[PDB]
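A.B. asks: Contents of structure19.cif (mmCIF, C-alpha atoms and all ligand atoms; chains and numbers go by the auth columns):
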```cif
data_input
loop_
_atom_site.group_PDB
_atom_site.id
_atom_site.type_symbol
_atom_site.label_atom_id
_atom_site.label_comp_id
_atom_site.label_asym_id
_atom_site.label_seq_id
_atom_site.Cartn_x
_atom_site.Cartn_y
_atom_site.Cartn_z
_atom_site.B_iso_or_equiv
_atom_site.auth_seq_id
_atom_site.auth_asym_id
ATOM 1 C CA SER A 1 -9.448 3.100 -3.206 0.00 1 A
ATOM 2 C CA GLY A 2 -7.239 5.235 -0.918 0.00 2 A
ATOM 3 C CA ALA A 3 -3.923 7.031 -0.650 0.00 3 A
ATOM 4 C CA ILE A 4 -1.248 8.115 1.832 0.00 4 A
ATOM 5 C CA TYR A 5 -0.727 11.919 1.931 0.00 5 A
ATOM 6 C CA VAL A 6 2.736 12.678 3.400 0.00 6 A
ATOM 7 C CA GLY A 7 4.482 16.035 2.760 0.00 7 A
ATOM 8 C CA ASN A 8 3.917 16.967 -0.908 0.00 8 A
ATOM 9 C CA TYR A 9 3.472 13.331 -1.934 0.00 9 A
ATOM 10 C CA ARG A 10 0.441 11.143 -2.698 0.00 10 A
ATOM 11 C CA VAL A 11 1.132 7.344 -2.443 0.00 11 A
ATOM 12 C CA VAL A 12 -1.362 5.141 -4.302 0.00 12 A
ATOM 13 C CA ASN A 13 -1.596 1.616 -5.684 0.00 13 A
ATOM 14 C CA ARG A 14 0.079 1.787 -9.128 0.00 14 A
ATOM 15 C CA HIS A 15 -2.914 -0.052 -10.643 0.00 15 A
ATOM 16 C CA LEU A 16 -5.337 2.685 -9.365 0.00 16 A
ATOM 17 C CA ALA A 17 -3.210 5.725 -10.401 0.00 17 A
ATOM 18 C CA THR A 18 -5.103 8.426 -12.329 0.00 18 A
ATOM 19 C CA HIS A 19 -3.966 10.423 -15.404 0.00 19 A
ATOM 20 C CA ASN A 20 -3.179 13.336 -13.043 0.00 20 A
ATOM 21 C CA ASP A 21 -0.961 10.990 -10.962 0.00 21 A
ATOM 22 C CA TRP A 22 0.972 9.893 -14.114 0.00 22 A
ATOM 23 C CA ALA A 23 1.245 13.556 -15.302 0.00 23 A
ATOM 24 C CA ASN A 24 2.763 14.577 -11.882 0.00 24 A
ATOM 25 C CA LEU A 25 4.846 11.422 -11.340 0.00 25 A
ATOM 26 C CA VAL A 26 7.619 11.207 -8.723 0.00 26 A
ATOM 27 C CA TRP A 27 8.305 7.397 -8.696 0.00 27 A
ATOM 28 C CA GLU A 28 6.602 4.132 -9.655 0.00 28 A
ATOM 29 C CA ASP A 29 7.399 0.431 -9.296 0.00 29 A
ATOM 30 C CA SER A 30 5.184 -2.255 -10.880 0.00 30 A
ATOM 31 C CA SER A 31 6.786 -5.070 -8.857 0.00 31 A
ATOM 32 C CA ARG A 32 5.635 -3.315 -5.624 0.00 32 A
ATOM 33 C CA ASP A 33 2.252 -2.050 -6.968 0.00 33 A
ATOM 34 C CA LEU A 34 3.219 1.506 -5.847 0.00 34 A
ATOM 35 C CA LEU A 35 3.142 4.948 -7.485 0.00 35 A
ATOM 36 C CA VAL A 36 3.926 8.344 -5.942 0.00 36 A
ATOM 37 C CA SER A 37 2.769 11.672 -7.398 0.00 37 A
ATOM 38 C CA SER A 38 3.359 15.281 -6.291 0.00 38 A
ATOM 39 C CA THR A 39 0.689 17.385 -4.532 0.00 39 A
ATOM 40 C CA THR A 40 0.055 21.142 -4.233 0.00 40 A
ATOM 41 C CA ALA A 41 -1.140 20.894 -0.580 0.00 41 A
ATOM 42 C CA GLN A 42 0.879 19.280 2.296 0.00 42 A
ATOM 43 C CA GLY A 43 -0.580 16.069 3.798 0.00 43 A
ATOM 44 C CA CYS A 44 -1.129 14.904 7.387 0.00 44 A
ATOM 45 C CA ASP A 45 -0.009 11.270 7.393 0.00 45 A
ATOM 46 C CA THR A 46 3.331 10.333 8.986 0.00 46 A
ATOM 47 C CA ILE A 47 5.335 7.263 7.864 0.00 47 A
ATOM 48 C CA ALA A 48 6.381 4.600 10.390 0.00 48 A
ATOM 49 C CA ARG A 49 10.168 3.799 10.554 0.00 49 A
ATOM 50 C CA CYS A 50 10.249 0.365 12.304 0.00 50 A
ATOM 51 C CA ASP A 51 9.957 -3.486 12.030 0.00 51 A
ATOM 52 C CA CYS A 52 6.458 -3.802 13.717 0.00 52 A
ATOM 53 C CA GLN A 53 4.467 -6.889 12.791 0.00 53 A
ATOM 54 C CA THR A 54 1.239 -5.763 14.515 0.00 54 A
ATOM 55 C CA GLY A 55 -1.013 -2.908 13.513 0.00 55 A
ATOM 56 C CA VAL A 56 -4.501 -1.956 12.265 0.00 56 A
ATOM 57 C CA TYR A 57 -5.832 -1.694 8.703 0.00 57 A
ATOM 58 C CA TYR A 58 -8.903 -0.144 7.093 0.00 58 A
ATOM 59 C CA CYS A 59 -11.268 -2.478 5.171 0.00 59 A
ATOM 60 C CA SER A 60 -13.698 -0.490 2.972 0.00 60 A
ATOM 61 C CA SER A 61 -15.813 -3.599 2.172 0.00 61 A
ATOM 62 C CA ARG A 62 -16.656 -3.813 5.910 0.00 62 A
ATOM 63 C CA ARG A 63 -16.402 -0.086 6.940 0.00 63 A
ATOM 64 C CA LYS A 64 -14.123 -1.295 9.720 0.00 64 A
ATOM 65 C CA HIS A 65 -10.598 -1.091 11.018 0.00 65 A
ATOM 66 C CA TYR A 66 -9.151 -4.465 12.060 0.00 66 A
ATOM 67 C CA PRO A 67 -6.167 -5.262 14.270 0.00 67 A
ATOM 68 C CA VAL A 68 -3.765 -7.676 12.517 0.00 68 A
ATOM 69 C CA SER A 69 -0.474 -9.495 12.820 0.00 69 A
ATOM 70 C CA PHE A 70 1.464 -9.333 9.506 0.00 70 A
ATOM 71 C CA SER A 71 4.577 -10.850 7.983 0.00 71 A
ATOM 72 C CA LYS A 72 7.807 -8.956 7.214 0.00 72 A
ATOM 73 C CA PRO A 73 8.073 -7.427 3.680 0.00 73 A
ATOM 74 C CA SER A 74 8.922 -10.236 1.271 0.00 74 A
ATOM 75 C CA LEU A 75 8.795 -11.491 -2.332 0.00 75 A
ATOM 76 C CA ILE A 76 5.544 -13.494 -2.431 0.00 76 A
ATOM 77 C CA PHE A 77 3.828 -15.215 -5.383 0.00 77 A
ATOM 78 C CA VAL A 78 0.578 -13.376 -6.169 0.00 78 A
ATOM 79 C CA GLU A 79 -2.210 -14.917 -8.400 0.00 79 A
ATOM 80 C CA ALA A 80 -3.804 -13.104 -11.307 0.00 80 A
ATOM 81 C CA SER A 81 -6.162 -10.272 -10.833 0.00 81 A
ATOM 82 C CA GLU A 82 -7.464 -7.884 -13.365 0.00 82 A
ATOM 83 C CA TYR A 83 -4.251 -5.632 -12.920 0.00 83 A
ATOM 84 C CA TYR A 84 -1.294 -8.034 -13.047 0.00 84 A
ATOM 85 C CA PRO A 85 -0.448 -11.491 -14.270 0.00 85 A
ATOM 86 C CA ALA A 86 0.253 -14.166 -11.601 0.00 86 A
ATOM 87 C CA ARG A 87 3.619 -12.865 -10.739 0.00 87 A
ATOM 88 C CA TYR A 88 6.104 -12.228 -7.861 0.00 88 A
ATOM 89 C CA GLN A 89 5.291 -9.120 -5.817 0.00 89 A
ATOM 90 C CA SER A 90 8.052 -7.540 -3.854 0.00 90 A
ATOM 91 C CA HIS A 91 7.977 -5.707 -0.461 0.00 91 A
ATOM 92 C CA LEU A 92 4.600 -7.373 0.332 0.00 92 A
ATOM 93 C CA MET A 93 3.323 -8.272 3.867 0.00 93 A
ATOM 94 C CA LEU A 94 0.480 -10.743 4.467 0.00 94 A
ATOM 95 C CA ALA A 95 -2.121 -10.965 7.268 0.00 95 A
ATOM 96 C CA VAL A 96 -5.334 -12.899 7.869 0.00 96 A
ATOM 97 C CA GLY A 97 -7.875 -10.467 7.229 0.00 97 A
ATOM 98 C CA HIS A 98 -10.855 -10.001 5.251 0.00 98 A
ATOM 99 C CA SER A 99 -10.085 -8.591 1.643 0.00 99 A
ATOM 100 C CA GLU A 100 -11.868 -7.834 -1.878 0.00 100 A
ATOM 101 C CA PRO A 101 -10.456 -5.951 -4.933 0.00 101 A
ATOM 102 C CA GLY A 102 -11.633 -2.304 -4.279 0.00 102 A
ATOM 103 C CA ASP A 103 -10.214 -2.593 -0.755 0.00 103 A
ATOM 104 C CA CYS A 104 -6.880 -1.554 -2.296 0.00 104 A
ATOM 105 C CA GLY A 105 -5.555 1.724 -0.832 0.00 105 A
ATOM 106 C CA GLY A 106 -6.730 1.207 2.749 0.00 106 A
ATOM 107 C CA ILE A 107 -3.995 2.138 5.257 0.00 107 A
ATOM 108 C CA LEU A 108 -2.164 -0.259 7.566 0.00 108 A
ATOM 109 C CA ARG A 109 -0.725 1.651 10.590 0.00 109 A
ATOM 110 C CA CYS A 110 1.265 0.727 13.732 0.00 110 A
ATOM 111 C CA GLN A 111 2.223 2.674 16.833 0.00 111 A
ATOM 112 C CA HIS A 112 4.857 4.637 14.795 0.00 112 A
ATOM 113 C CA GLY A 113 2.614 5.801 11.861 0.00 113 A
ATOM 114 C CA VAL A 114 1.621 4.532 8.367 0.00 114 A
ATOM 115 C CA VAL A 115 3.153 1.179 7.421 0.00 115 A
ATOM 116 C CA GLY A 116 1.650 0.530 3.968 0.00 116 A
ATOM 117 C CA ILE A 117 -1.535 0.177 1.922 0.00 117 A
ATOM 118 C CA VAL A 118 -3.768 -2.780 0.949 0.00 118 A
ATOM 119 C CA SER A 119 -2.659 -4.340 -2.471 0.00 119 A
ATOM 120 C CA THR A 120 -3.556 -8.170 -2.401 0.00 120 A
ATOM 121 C CA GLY A 121 -5.814 -10.633 -0.632 0.00 121 A
ATOM 122 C CA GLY A 122 -8.421 -13.309 -0.954 0.00 122 A
ATOM 123 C CA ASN A 123 -9.369 -16.411 0.652 0.00 123 A
ATOM 124 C CA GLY A 124 -9.121 -14.566 4.042 0.00 124 A
ATOM 125 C CA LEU A 125 -5.810 -13.045 2.935 0.00 125 A
ATOM 126 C CA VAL A 126 -4.895 -9.289 2.889 0.00 126 A
ATOM 127 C CA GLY A 127 -1.397 -8.237 1.446 0.00 127 A
ATOM 128 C CA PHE A 128 0.069 -4.828 2.227 0.00 128 A
ATOM 129 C CA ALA A 129 2.561 -2.919 0.035 0.00 129 A
ATOM 130 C CA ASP A 130 5.166 -1.676 2.564 0.00 130 A
ATOM 131 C CA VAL A 131 6.365 1.951 2.457 0.00 131 A
ATOM 132 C CA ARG A 132 8.607 2.019 5.568 0.00 132 A
ATOM 133 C CA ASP A 133 11.820 1.670 3.503 0.00 133 A
ATOM 134 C CA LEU A 134 11.011 4.764 1.332 0.00 134 A
ATOM 135 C CA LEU A 135 12.917 7.243 3.495 0.00 135 A
ATOM 136 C CA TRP A 136 12.720 10.001 0.880 0.00 136 A
ATOM 137 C CA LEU A 137 8.935 10.342 1.536 0.00 137 A
ATOM 138 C CA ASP A 138 9.987 12.322 4.698 0.00 138 A
ATOM 139 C CA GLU A 139 11.900 15.060 2.830 0.00 139 A
ATOM 140 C CA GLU A 140 12.064 17.566 -0.160 0.00 140 A
HETATM 141 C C1 LIG B . -9.990 -12.951 -8.110 0.00 201 B
HETATM 142 O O1 LIG B . -9.335 -11.884 -8.806 0.00 201 B
HETATM 143 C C2 LIG B . -8.146 -11.452 -8.193 0.00 201 B
HETATM 144 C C3 LIG B . -8.354 -10.276 -7.268 0.00 201 B
HETATM 145 O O2 LIG B . -8.736 -9.196 -7.696 0.00 201 B
HETATM 146 N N1 LIG B . -8.092 -10.531 -5.984 0.00 201 B
HETATM 147 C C4 LIG B . -7.870 -9.532 -4.983 0.00 201 B
HETATM 148 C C5 LIG B . -8.652 -9.456 -3.821 0.00 201 B
HETATM 149 CL CL1 LIG B . -9.787 -10.730 -3.429 0.00 201 B
HETATM 150 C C6 LIG B . -8.531 -8.392 -2.946 0.00 201 B
HETATM 151 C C7 LIG B . -7.619 -7.370 -3.187 0.00 201 B
HETATM 152 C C8 LIG B . -7.670 -6.082 -2.404 0.00 201 B
HETATM 153 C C9 LIG B . -6.779 -7.482 -4.279 0.00 201 B
HETATM 154 C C10 LIG B . -6.914 -8.518 -5.170 0.00 201 B
HETATM 155 O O3 LIG B . -6.174 -8.608 -6.317 0.00 201 B
HETATM 156 C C11 LIG B . -4.743 -8.701 -6.175 0.00 201 B
HETATM 157 C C12 LIG B . -4.552 -10.195 -5.996 0.00 201 B
HETATM 158 N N2 LIG B . -4.816 -10.995 -7.064 0.00 201 B
HETATM 159 C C13 LIG B . -4.829 -12.309 -6.823 0.00 201 B
HETATM 160 C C14 LIG B . -4.548 -12.861 -5.600 0.00 201 B
HETATM 161 C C15 LIG B . -4.245 -11.977 -4.591 0.00 201 B
HETATM 162 N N3 LIG B . -4.242 -10.650 -4.748 0.00 201 B
HETATM 163 ZN ZN ZN B . 5.906 0.349 14.044 0.00 202 B
#
```
Can you present the structure in this file as structure tokens?
C.D. replies:
Amino acid sequence: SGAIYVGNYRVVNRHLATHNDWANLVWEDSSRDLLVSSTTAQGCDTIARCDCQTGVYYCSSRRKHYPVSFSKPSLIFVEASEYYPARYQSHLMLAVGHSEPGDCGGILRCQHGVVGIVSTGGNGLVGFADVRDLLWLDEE
């Protein structure tokens, strides 16, 4: 589990969104595994605006933050889980890093701020849904 809290937005994995998220919906995209809902309080996270390929992510199944190198956001074939059929995920970055299902929502961050959240992994893979292209998270 986990979310990004930027401005009056809450960014979560679409597959982990609650009824309150869906009832206060701003934007969602199944191909990216992302959903954004509105919040009453302002958040403290800042979004990175960059092309970094190194950063640090939080792994709840280890209670640890790990430094990683990660690929650029791409369209990458993702095998079945309980939430989607084997399908093509978009805006996804991969790293070698330990991963299990409930890890989704952990933040990946670089020197500029929040890069994305955990979404996929296995087999020593961890996939991050990128948020750096969502420039509107910084306004309104
Ligand atoms: C074995 O069931 C699939 C599963 O839940 N795997 C998975 C794992 Cl190990 C870890 C995370 C955080 C997400 C995951 O799910 C998305 C996903 N499905 C498949 C392949 C890669 N990423
Ligand atoms: Zn960066």
A.B. asks: Just to confirm, what's the straight-line distance from atom CA of residue 32 of chain A to atom CA of residue 78 of chain A in Å (one decimal)?
C.D. replies: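 Distance between the two atoms: 11.3 Å.
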A.B. asks: Here's the selection I'm unsure about, the PyMOL selection byres (((chain A and resi 9-18) around 7) and not hetatm); applied to the file above, which residues does it give, as a list in words?
C.D. replies: residues 2, 3, 4, 5, 6, 7, 8, 19, 20, 21, 22, 28, 30, 33, 34, 35, 36, 37, 38, 39, 83, 105 and 119 of chain A
A.B. asks: Quick one: everything within 6 Å of residue 125 of chain A, counting all atoms listed in the file, minus sequence neighbours fewer than 4 positions away in the same chain. Send it as a PyMOL selection string.
C.D. replies: chain A and resi 96-97+121
A.B. asks: Pull out every residue that the PyMOL selection byres (((not hetatm)) within 8 of (chain B and resi 201)) matches in the shown coordinates and put them as a PDB file with C-alpha atoms, keeping the file's coordinate frame.
C.D. replies:
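Once written, out_24.pdb looks like this:
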```
ATOM      1  CA  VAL A  78       0.578 -13.376  -6.169  1.00  0.00           C
ATOM      2  CA  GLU A  79      -2.210 -14.917  -8.400  1.00  0.00           C
ATOM      3  CA  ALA A  80      -3.804 -13.104 -11.307  1.00  0.00           C
ATOM      4  CA  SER A  81      -6.162 -10.272 -10.833  1.00  0.00           C
ATOM      5  CA  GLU A  82      -7.464  -7.884 -13.365  1.00  0.00           C
ATOM      6  CA  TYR A  83      -4.251  -5.632 -12.920  1.00  0.00           C
ATOM      7  CA  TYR A  84      -1.294  -8.034 -13.047  1.00  0.00           C
ATOM      8  CA  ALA A  86       0.253 -14.166 -11.601  1.00  0.00           C
ATOM      9  CA  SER A  99     -10.085  -8.591   1.643  1.00  0.00           C
ATOM     10  CA  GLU A 100     -11.868  -7.834  -1.878  1.00  0.00           C
ATOM     11  CA  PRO A 101     -10.456  -5.951  -4.933  1.00  0.00           C
ATOM     12  CA  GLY A 102     -11.633  -2.304  -4.279  1.00  0.00           C
ATOM     13  CA  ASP A 103     -10.214  -2.593  -0.755  1.00  0.00           C
ATOM     14  CA  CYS A 104      -6.880  -1.554  -2.296  1.00  0.00           C
ATOM     15  CA  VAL A 118      -3.768  -2.780   0.949  1.00  0.00           C
ATOM     16  CA  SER A 119      -2.659  -4.340  -2.471  1.00  0.00           C
ATOM     17  CA  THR A 120      -3.556  -8.170  -2.401  1.00  0.00           C
ATOM     18  CA  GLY A 121      -5.814 -10.633  -0.632  1.00  0.00           C
ATOM     19  CA  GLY A 122      -8.421 -13.309  -0.954  1.00  0.00           C
ATOM     20  CA  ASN A 123      -9.369 -16.411   0.652  1.00  0.00           C
ATOM     21  CA  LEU A 125      -5.810 -13.045   2.935  1.00  0.00           C
ATOM     22  CA  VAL A 126      -4.895  -9.289   2.889  1.00  0.00           C
ATOM     23  CA  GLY A 127      -1.397  -8.237   1.446  1.00  0.00           C
TER      24      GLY A 127
END
```
A.B. asks: For ligand ZN 202 (chain B), list the contacting residues at 7 Å or closer, counting all atoms listed in the file, as a list in words.
C.D. replies: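 Checking all atoms listed in the file against ligand ZN 202 (chain B) at 7 Å gives residues 48, 49, 50, 51, 52, 110, 111, 112 and 113 of chain A.
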A.B. asks: Could you expand the PyMOL selection byres (((chain A and resi 77) around 6) and not hetatm) into the explicit residues it covers here, written as a PDB file with C-alpha atoms, in the coordinates of the input?
C.D. replies:
```pdb
ATOM      1  CA  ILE A  76       5.544 -13.494  -2.431  1.00  0.00           C
ATOM      2  CA  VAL A  78       0.578 -13.376  -6.169  1.00  0.00           C
ATOM      3  CA  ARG A  87       3.619 -12.865 -10.739  1.00  0.00           C
ATOM      4  CA  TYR A  88       6.104 -12.228  -7.861  1.00  0.00           C
TER       5      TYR A  88
END
```
A.B. asks: Hey, can you check how far atom CA of residue 71 of chain A sits from atom CA of residue 44 of chain A?
C.D. replies: 26.4 Å
A.B. asks: When distances are computed from all atoms listed in the file, which of A:42, A:54, A:61, A:74 shows the smallest separation from residue 1 of chain A?
C.D. replies: A:61
A.B. asks: How many Å lie between atom CA of residue 26 of chain A and atom CA of residue 70 of chain A, rounded to one decimal?
C.D. replies: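 Going from atom CA of residue 26 of chain A over to atom CA of residue 70 of chain A covers 28.1 Å.
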A.B. asks: I'd like the neighbourhood of residue 47 of chain A as a list in words, where a residue qualifies if any of its atoms comes within 7 Å (using all atoms listed in the file), though same-chain residues fewer than 5 positions away should be ignored.
C.D. replies: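 Final neighbour list, sorted by chain and number: residues 113, 114, 115 and 132 of chain A.
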A.B. asks: Of the candidates A:98, A:27, A:53, A:63, which shows the shortest atom-to-atom distance to residue 134 of chain A, using only C-alpha atoms?
C.D. replies: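 The answer is A:27, which sits nearest to residue 134 of chain A.
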A.B. asks: Taking all atoms listed in the file into account, name the residue in A:137, A:56, A:23, A:129 that is nearest to residue 108 of chain A.
C.D. replies: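 Closest residue, counting all atoms listed in the file: A:56.
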A.B. asks: Which residues are close to residue 57 of chain A, i.e. within 8 Å by all atoms listed in the file, leaving aside same-chain residues fewer than 2 positions away? Reply as JSON, numbers by chain.
C.D. replies: {"A": [55, 59, 65, 66, 67, 68, 106, 107, 108, 109]}
A.B. asks: Pick out the closest residue to residue 72 of chain A from this set: A:46, A:24, A:90, A:60. Count all atoms listed in the file.
C.D. replies: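 Nearest to residue 72 of chain A: A:90.
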